[PDB]
Amino acid sequence: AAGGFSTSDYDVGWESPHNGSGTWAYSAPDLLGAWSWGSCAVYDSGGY
Amino acid sequence: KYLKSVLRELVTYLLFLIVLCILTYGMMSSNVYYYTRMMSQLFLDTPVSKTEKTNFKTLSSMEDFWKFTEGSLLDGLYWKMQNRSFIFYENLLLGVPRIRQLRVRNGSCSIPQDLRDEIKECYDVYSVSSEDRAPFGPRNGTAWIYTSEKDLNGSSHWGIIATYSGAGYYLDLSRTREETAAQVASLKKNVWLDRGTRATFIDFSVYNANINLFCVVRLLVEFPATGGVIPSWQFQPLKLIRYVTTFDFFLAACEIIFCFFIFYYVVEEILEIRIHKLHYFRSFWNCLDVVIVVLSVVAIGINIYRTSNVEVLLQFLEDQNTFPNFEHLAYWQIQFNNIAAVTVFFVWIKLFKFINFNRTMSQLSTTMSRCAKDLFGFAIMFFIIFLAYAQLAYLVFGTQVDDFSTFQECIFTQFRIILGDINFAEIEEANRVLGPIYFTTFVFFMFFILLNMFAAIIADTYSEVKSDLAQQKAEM
């Protein structure tokens with residue numbers, strides 16, 4: 001029971017981007033250094 | 001020599017056979033088959049109601065399906081939530097079902113002119129040109145208005161009865177068991193499958209959220225023009241979420257290795273037939289390799305094309321407010337099953353192609369039937385000794401060990417000792433003499449003298465097989 005992944009910005013609390021970027025930005029993955037390969041998923045260096 | 005012409009081709013053929021066997025073993029769906037069997041048992045064997053005796057496999061009247069839809073089909077499928085879809089709280093159905101009815105048009109036949117005063121009309125069998133398209137009875141919406149075959153994601157199939165196309169009335173279920181039952185009752189009260197009908201069908205999906213297996217289940221019913229109807233069901237386990245964990249990685253690696261081996265074999269066998277003796281077909285050795293290569297390539301391509309897109313399941317899971325067009329996916333899964341049967345046949349053909357050293361097929365049965373006799377003779381001595389020791393242990397350690405308590409348990413205890421699961425804590429404590437003696441003598445007579453006799457028998461059998469082959473095959 002899993003789906004996609006979020007990629008957008010959200011303010012304090014959760015989604016309400018008012019002025020510029022969300023105060024909890026996405027912080028796109030680094031070029032090199034990721035792939036943790038979890039129990040039954042494969043992630044990268046990106047995330048809030 | 002015999003190092004490049006007699007040590008490589010046979011080894012390569014054996015490796016190819018091993019790869020084919022591995023690929024065939026990595027294609028047996030156990031959980032999907034069990035889920036399909038459970039769904040069929042809860043559906044095909046489901047009667048109409050508690051008092052009625054109209055089941056799916058006993059279709060004998062037009063009210064059998066109507067009485068079946070409200071009853072056991074509402075208990076094994078339309079179970080209330082804790083309205084979800086979980087009968088035993090473990091069979092989670094996917095999405096919602098849909099119903100289709102390919103009926104004969106109003107006036108699908110003609111009555112004789114000589115008997116036009118008493119004969120009105122008739123209905124033909126289900127077909128592309130014998131499917132109703134105009135309204136049939138009170139058609140407020142799509143409940144009695146047939147949908148186009150191209151506009152309703154339908155096509156001809158030409159199954160066991162007829163080629164029922166996508167034409168016919170269509171309807172969608174609801175998201176609640178009570179609402180589905182009410183809709184079924186409303187459809188049964190009105191003329192939905194009238195006397196001018198030819199075939200009916202229903203399609204649902206099953207997810208079983210606890211298990212990663214999303215399959216489709218399609219029930220069908222062939223209403224013949226000579227009265228009555230014959231129902232049936234079919235389950236298609238079509239999935240495209242194979243890449244999960246290390247098992248999926250191993251399967252993918254095996255598939256890639258098989259593809260590379262097939263490519264290498266094609267490269268190695270495409271040069272000695274072009275710049276060499278060509279048109280060799282009735283040779284039993286040159287056409288077979290080409291046929292095997294072509295069949296392997298075609299099967300690999302078909303398997304790859306079957307999983308060209310995997311967006312159908314993702315789209316169904318993201319939005320499950322209707323019944324998706326899973327008929328095409330079910331047809332693709334049926335074609336994949338046919339391809340799997342063809343691949344089993346191709347594995348048999350590869351085994352035949354591994355029989356290049358022939359004449360050793362039925363001249364050795366007399367020796368195998370003697371080895372079997374020797375093994376049967378040995379099994380009597382082994383079991384006599386085993387039960388003697390078991391009786392000794394049960395009489396001595398009977399009342400004080402909790403392991404040699406019952407006779408049916410002493411046998412399992414001794415088997416576990418043989419496999420190497422000895423305790424030896426109570427055995428010595430329960431009796432300091434005849435406790436160590438029993439264990440020591442048992443080990444000595446079961447691992448040094450009686451287990452080495454089983455190997456010697458087979459050693460002699462192998463030696464005599466080698467001797468008689470190297471005698472007769474190499475003498476004449």
# chains A, B, ... in the order shown; residues from 1 in each chain; ligands from 1

$ residues_around --residues "segment 22-35 of chain A" --least-positions-apart "3" --cutoff "7 Å" --atoms "only C-alpha atoms" --output "MDAnalysis selection string"
chainID A and resid 7:12 17 42:48

$ write_last_selection --atoms "N, CA, C and O atoms" --output "PDB file, in the first residue's frame"
ATOM      1  N   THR A   7       7.002  16.312  -3.975  1.00  0.00           N
ATOM      2  CA  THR A   7       8.116  17.077  -4.523  1.00  0.00           C
ATOM      3  C   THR A   7       7.970  18.585  -4.337  1.00  0.00           C
ATOM      4  O   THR A   7       8.798  19.337  -4.863  1.00  0.00           O
ATOM      5  N   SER A   8       6.956  19.057  -3.608  1.00  0.00           N
ATOM      6  CA  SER A   8       6.684  20.490  -3.561  1.00  0.00           C
ATOM      7  C   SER A   8       7.037  21.109  -2.215  1.00  0.00           C
ATOM      8  O   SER A   8       7.549  20.427  -1.320  1.00  0.00           O
ATOM      9  N   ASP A   9       6.770  22.404  -2.067  1.00  0.00           N
ATOM     10  CA  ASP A   9       7.095  23.162  -0.868  1.00  0.00           C
ATOM     11  C   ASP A   9       5.852  23.373  -0.008  1.00  0.00           C
ATOM     12  O   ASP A   9       4.723  23.416  -0.501  1.00  0.00           O
ATOM     13  N   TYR A  10       6.080  23.512   1.297  1.00  0.00           N
ATOM     14  CA  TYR A  10       4.999  23.707   2.254  1.00  0.00           C
ATOM     15  C   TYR A  10       5.477  24.631   3.364  1.00  0.00           C
ATOM     16  O   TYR A  10       6.649  24.598   3.746  1.00  0.00           O
ATOM     17  N   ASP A  11       4.563  25.453   3.876  1.00  0.00           N
ATOM     18  CA  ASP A  11       4.900  26.404   4.922  1.00  0.00           C
ATOM     19  C   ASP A  11       4.875  25.725   6.291  1.00  0.00           C
ATOM     20  O   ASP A  11       4.799  24.499   6.411  1.00  0.00           O
ATOM     21  N   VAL A  12       4.951  26.549   7.341  1.00  0.00           N
ATOM     22  CA  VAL A  12       4.896  26.034   8.702  1.00  0.00           C
ATOM     23  C   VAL A  12       3.572  25.308   8.917  1.00  0.00           C
ATOM     24  O   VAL A  12       2.509  25.752   8.466  1.00  0.00           O
ATOM     25  N   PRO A  17       1.807  27.780   0.957  1.00  0.00           N
ATOM     26  CA  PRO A  17       2.905  28.661   0.530  1.00  0.00           C
ATOM     27  C   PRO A  17       2.425  30.073   0.244  1.00  0.00           C
ATOM     28  O   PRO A  17       1.710  30.305  -0.735  1.00  0.00           O
ATOM     29  N   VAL A  42      13.542   2.066  -2.277  1.00  0.00           N
ATOM     30  CA  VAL A  42      14.839   2.643  -2.615  1.00  0.00           C
ATOM     31  C   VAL A  42      14.684   4.157  -2.628  1.00  0.00           C
ATOM     32  O   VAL A  42      13.891   4.697  -3.406  1.00  0.00           O
ATOM     33  N   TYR A  43      15.437   4.837  -1.775  1.00  0.00           N
ATOM     34  CA  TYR A  43      15.337   6.275  -1.605  1.00  0.00           C
ATOM     35  C   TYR A  43      16.563   6.960  -2.204  1.00  0.00           C
ATOM     36  O   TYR A  43      17.413   6.326  -2.834  1.00  0.00           O
ATOM     37  N   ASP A  44      16.652   8.272  -2.011  1.00  0.00           N
ATOM     38  CA  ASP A  44      17.794   9.056  -2.458  1.00  0.00           C
ATOM     39  C   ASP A  44      18.117  10.076  -1.372  1.00  0.00           C
ATOM     40  O   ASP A  44      17.613   9.995  -0.248  1.00  0.00           O
ATOM     41  N   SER A  45      18.960  11.048  -1.707  1.00  0.00           N
ATOM     42  CA  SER A  45      19.408  12.049  -0.750  1.00  0.00           C
ATOM     43  C   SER A  45      18.447  13.223  -0.619  1.00  0.00           C
ATOM     44  O   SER A  45      18.708  14.136   0.173  1.00  0.00           O
ATOM     45  N   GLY A  46      17.348  13.225  -1.368  1.00  0.00           N
ATOM     46  CA  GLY A  46      16.385  14.299  -1.312  1.00  0.00           C
ATOM     47  C   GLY A  46      15.379  14.121  -0.190  1.00  0.00           C
ATOM     48  O   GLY A  46      15.190  13.029   0.338  1.00  0.00           O
ATOM     49  N   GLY A  47      14.731  15.225   0.170  1.00  0.00           N
ATOM     50  CA  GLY A  47      13.731  15.203   1.218  1.00  0.00           C
ATOM     51  C   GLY A  47      13.769  16.424   2.112  1.00  0.00           C
ATOM     52  O   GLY A  47      14.752  17.172   2.108  1.00  0.00           O
ATOM     53  N   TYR A  48      12.716  16.630   2.895  1.00  0.00           N
ATOM     54  CA  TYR A  48      12.608  17.814   3.739  1.00  0.00           C
ATOM     55  C   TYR A  48      13.517  17.656   4.950  1.00  0.00           C
ATOM     56  O   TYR A  48      13.314  16.758   5.773  1.00  0.00           O
TER      57      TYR A  48
END

$ closest_atom_pairs --of "chain B" --to "chain A" --cutoff "10 Å" --atoms "only C-alpha atoms" --output "JSON lines"
{"residue": "B:209", "atom": "CA", "partner": "A:1", "partner_atom": "CA", "distance": 7.1}
{"residue": "B:210", "atom": "CA", "partner": "A:1", "partner_atom": "CA", "distance": 8.7}
{"residue": "B:211", "atom": "CA", "partner": "A:1", "partner_atom": "CA", "distance": 9.6}
{"residue": "B:212", "atom": "CA", "partner": "A:1", "partner_atom": "CA", "distance": 8.5}
{"residue": "B:243", "atom": "CA", "partner": "A:40", "partner_atom": "CA", "distance": 9.9}
{"residue": "B:244", "atom": "CA", "partner": "A:40", "partner_atom": "CA", "distance": 6.5}
{"residue": "B:245", "atom": "CA", "partner": "A:40", "partner_atom": "CA", "distance": 6.3}
{"residue": "B:246", "atom": "CA", "partner": "A:40", "partner_atom": "CA", "distance": 9.4}
{"residue": "B:314", "atom": "CA", "partner": "A:3", "partner_atom": "CA", "distance": 7.9}
{"residue": "B:317", "atom": "CA", "partner": "A:3", "partner_atom": "CA", "distance": 8.4}
{"residue": "B:318", "atom": "CA", "partner": "A:3", "partner_atom": "CA", "distance": 7.9}

$ residues_around --residues "residue 223 of chain B" --least-positions-apart "6" --cutoff "8 Å" --atoms "only C-alpha atoms" --output "PyMOL selection string"
chain B and resi 197-200+229-230

$ atom_distance --atom1 "atom CA of residue 347 of chain B" --atom2 "atom CA of residue 10 of chain B"
16.1 Å

$ atom_distance --atom1 "atom CA of residue 142 of chain B" --atom2 "atom CA of residue 170 of chain B"
6.4 Å

$ decode --residues "segment 103-130 of chain B" --atoms "N, CA, C and O atoms" --output "PDB file, in the first residue's frame"
ATOM      1  N   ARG B 103     -27.396  -8.549 -25.496  1.00  0.00           N
ATOM      2  CA  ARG B 103     -28.716  -9.071 -25.806  1.00  0.00           C
ATOM      3  C   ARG B 103     -28.986  -8.996 -27.304  1.00  0.00           C
ATOM      4  O   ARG B 103     -28.330  -8.262 -28.045  1.00  0.00           O
ATOM      5  N   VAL B 104     -29.965  -9.778 -27.741  1.00  0.00           N
ATOM      6  CA  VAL B 104     -30.408  -9.741 -29.128  1.00  0.00           C
ATOM      7  C   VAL B 104     -31.302  -8.527 -29.331  1.00  0.00           C
ATOM      8  O   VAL B 104     -32.101  -8.170 -28.455  1.00  0.00           O
ATOM      9  N   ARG B 105     -31.165  -7.882 -30.485  1.00  0.00           N
ATOM     10  CA  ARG B 105     -31.957  -6.699 -30.777  1.00  0.00           C
ATOM     11  C   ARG B 105     -33.435  -7.060 -30.892  1.00  0.00           C
ATOM     12  O   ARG B 105     -33.809  -8.220 -31.087  1.00  0.00           O
ATOM     13  N   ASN B 106     -34.283  -6.043 -30.763  1.00  0.00           N
ATOM     14  CA  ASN B 106     -35.730  -6.230 -30.855  1.00  0.00           C
ATOM     15  C   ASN B 106     -36.070  -6.651 -32.279  1.00  0.00           C
ATOM     16  O   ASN B 106     -36.043  -5.839 -33.206  1.00  0.00           O
ATOM     17  N   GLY B 107     -36.394  -7.928 -32.453  1.00  0.00           N
ATOM     18  CA  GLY B 107     -36.609  -8.476 -33.776  1.00  0.00           C
ATOM     19  C   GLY B 107     -35.316  -8.937 -34.418  1.00  0.00           C
ATOM     20  O   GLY B 107     -34.974  -8.505 -35.523  1.00  0.00           O
ATOM     21  N   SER B 108     -34.589  -9.814 -33.730  1.00  0.00           N
ATOM     22  CA  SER B 108     -33.320 -10.334 -34.219  1.00  0.00           C
ATOM     23  C   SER B 108     -33.489 -11.529 -35.149  1.00  0.00           C
ATOM     24  O   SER B 108     -32.487 -12.077 -35.620  1.00  0.00           O
ATOM     25  N   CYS B 109     -34.723 -11.939 -35.416  1.00  0.00           N
ATOM     26  CA  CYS B 109     -35.006 -13.045 -36.324  1.00  0.00           C
ATOM     27  C   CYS B 109     -36.352 -12.771 -36.986  1.00  0.00           C
ATOM     28  O   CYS B 109     -36.903 -11.670 -36.879  1.00  0.00           O
ATOM     29  N   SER B 110     -36.885 -13.777 -37.675  1.00  0.00           N
ATOM     30  CA  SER B 110     -38.151 -13.641 -38.379  1.00  0.00           C
ATOM     31  C   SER B 110     -39.021 -14.857 -38.096  1.00  0.00           C
ATOM     32  O   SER B 110     -38.526 -15.942 -37.784  1.00  0.00           O
ATOM     33  N   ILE B 111     -40.330 -14.659 -38.214  1.00  0.00           N
ATOM     34  CA  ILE B 111     -41.300 -15.728 -38.012  1.00  0.00           C
ATOM     35  C   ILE B 111     -41.809 -16.184 -39.373  1.00  0.00           C
ATOM     36  O   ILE B 111     -41.849 -15.382 -40.318  1.00  0.00           O
ATOM     37  N   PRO B 112     -42.194 -17.452 -39.526  1.00  0.00           N
ATOM     38  CA  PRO B 112     -42.660 -17.922 -40.837  1.00  0.00           C
ATOM     39  C   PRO B 112     -43.936 -17.214 -41.266  1.00  0.00           C
ATOM     40  O   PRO B 112     -44.796 -16.886 -40.445  1.00  0.00           O
ATOM     41  N   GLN B 113     -44.051 -16.979 -42.576  1.00  0.00           N
ATOM     42  CA  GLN B 113     -45.247 -16.337 -43.108  1.00  0.00           C
ATOM     43  C   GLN B 113     -46.456 -17.260 -43.043  1.00  0.00           C
ATOM     44  O   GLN B 113     -47.581 -16.791 -42.841  1.00  0.00           O
ATOM     45  N   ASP B 114     -46.248 -18.569 -43.215  1.00  0.00           N
ATOM     46  CA  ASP B 114     -47.350 -19.520 -43.136  1.00  0.00           C
ATOM     47  C   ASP B 114     -47.907 -19.647 -41.725  1.00  0.00           C
ATOM     48  O   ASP B 114     -49.045 -20.098 -41.561  1.00  0.00           O
ATOM     49  N   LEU B 115     -47.137 -19.263 -40.712  1.00  0.00           N
ATOM     50  CA  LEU B 115     -47.564 -19.312 -39.319  1.00  0.00           C
ATOM     51  C   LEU B 115     -47.396 -17.950 -38.660  1.00  0.00           C
ATOM     52  O   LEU B 115     -47.037 -17.845 -37.485  1.00  0.00           O
ATOM     53  N   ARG B 116     -47.655 -16.885 -39.418  1.00  0.00           N
ATOM     54  CA  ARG B 116     -47.528 -15.525 -38.907  1.00  0.00           C
ATOM     55  C   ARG B 116     -48.662 -15.132 -37.970  1.00  0.00           C
ATOM     56  O   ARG B 116     -48.563 -14.094 -37.307  1.00  0.00           O
ATOM     57  N   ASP B 117     -49.731 -15.927 -37.897  1.00  0.00           N
ATOM     58  CA  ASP B 117     -50.841 -15.617 -37.006  1.00  0.00           C
ATOM     59  C   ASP B 117     -50.575 -16.040 -35.567  1.00  0.00           C
ATOM     60  O   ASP B 117     -51.321 -15.634 -34.669  1.00  0.00           O
ATOM     61  N   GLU B 118     -49.537 -16.839 -35.326  1.00  0.00           N
ATOM     62  CA  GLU B 118     -49.214 -17.308 -33.984  1.00  0.00           C
ATOM     63  C   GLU B 118     -47.753 -17.140 -33.594  1.00  0.00           C
ATOM     64  O   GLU B 118     -47.458 -17.138 -32.393  1.00  0.00           O
ATOM     65  N   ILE B 119     -46.836 -16.999 -34.549  1.00  0.00           N
ATOM     66  CA  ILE B 119     -45.414 -16.840 -34.268  1.00  0.00           C
ATOM     67  C   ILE B 119     -45.053 -15.370 -34.416  1.00  0.00           C
ATOM     68  O   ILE B 119     -45.343 -14.753 -35.449  1.00  0.00           O
ATOM     69  N   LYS B 120     -44.419 -14.806 -33.389  1.00  0.00           N
ATOM     70  CA  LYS B 120     -44.072 -13.387 -33.391  1.00  0.00           C
ATOM     71  C   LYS B 120     -42.657 -13.148 -33.913  1.00  0.00           C
ATOM     72  O   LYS B 120     -42.470 -12.472 -34.929  1.00  0.00           O
ATOM     73  N   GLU B 121     -41.657 -13.709 -33.238  1.00  0.00           N
ATOM     74  CA  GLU B 121     -40.256 -13.505 -33.596  1.00  0.00           C
ATOM     75  C   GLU B 121     -39.412 -14.485 -32.788  1.00  0.00           C
ATOM     76  O   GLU B 121     -39.931 -15.273 -31.993  1.00  0.00           O
ATOM     77  N   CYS B 122     -38.099 -14.425 -33.003  1.00  0.00           N
ATOM     78  CA  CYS B 122     -37.147 -15.274 -32.301  1.00  0.00           C
ATOM     79  C   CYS B 122     -35.861 -14.484 -32.078  1.00  0.00           C
ATOM     80  O   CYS B 122     -35.715 -13.350 -32.542  1.00  0.00           O
ATOM     81  N   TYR B 123     -34.925 -15.093 -31.354  1.00  0.00           N
ATOM     82  CA  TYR B 123     -33.639 -14.479 -31.055  1.00  0.00           C
ATOM     83  C   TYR B 123     -32.517 -15.433 -31.433  1.00  0.00           C
ATOM     84  O   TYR B 123     -32.603 -16.639 -31.181  1.00  0.00           O
ATOM     85  N   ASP B 124     -31.467 -14.888 -32.041  1.00  0.00           N
ATOM     86  CA  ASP B 124     -30.327 -15.681 -32.475  1.00  0.00           C
ATOM     87  C   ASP B 124     -29.275 -15.724 -31.368  1.00  0.00           C
ATOM     88  O   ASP B 124     -29.458 -15.167 -30.281  1.00  0.00           O
ATOM     89  N   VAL B 125     -28.153 -16.388 -31.637  1.00  0.00           N
ATOM     90  CA  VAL B 125     -27.070 -16.512 -30.669  1.00  0.00           C
ATOM     91  C   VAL B 125     -26.293 -15.204 -30.605  1.00  0.00           C
ATOM     92  O   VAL B 125     -26.443 -14.337 -31.473  1.00  0.00           O
ATOM     93  N   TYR B 126     -25.462 -15.054 -29.578  1.00  0.00           N
ATOM     94  CA  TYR B 126     -24.657 -13.851 -29.416  1.00  0.00           C
ATOM     95  C   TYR B 126     -23.600 -13.773 -30.510  1.00  0.00           C
ATOM     96  O   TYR B 126     -22.944 -14.771 -30.824  1.00  0.00           O
ATOM     97  N   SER B 127     -23.436 -12.588 -31.086  1.00  0.00           N
ATOM     98  CA  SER B 127     -22.449 -12.354 -32.133  1.00  0.00           C
ATOM     99  C   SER B 127     -22.231 -10.849 -32.251  1.00  0.00           C
ATOM    100  O   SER B 127     -22.853 -10.056 -31.536  1.00  0.00           O
ATOM    101  N   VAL B 128     -21.334 -10.454 -33.156  1.00  0.00           N
ATOM    102  CA  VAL B 128     -21.085  -9.034 -33.383  1.00  0.00           C
ATOM    103  C   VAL B 128     -22.296  -8.377 -34.033  1.00  0.00           C
ATOM    104  O   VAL B 128     -22.717  -7.283 -33.640  1.00  0.00           O
ATOM    105  N   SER B 129     -22.873  -9.034 -35.038  1.00  0.00           N
ATOM    106  CA  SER B 129     -24.034  -8.513 -35.749  1.00  0.00           C
ATOM    107  C   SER B 129     -25.354  -8.905 -35.098  1.00  0.00           C
ATOM    108  O   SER B 129     -26.414  -8.498 -35.588  1.00  0.00           O
ATOM    109  N   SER B 130     -25.320  -9.680 -34.014  1.00  0.00           N
ATOM    110  CA  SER B 130     -26.530 -10.110 -33.321  1.00  0.00           C
ATOM    111  C   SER B 130     -26.581  -9.546 -31.906  1.00  0.00           C
ATOM    112  O   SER B 130     -27.117 -10.181 -30.995  1.00  0.00           O
TER     113      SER B 130
END
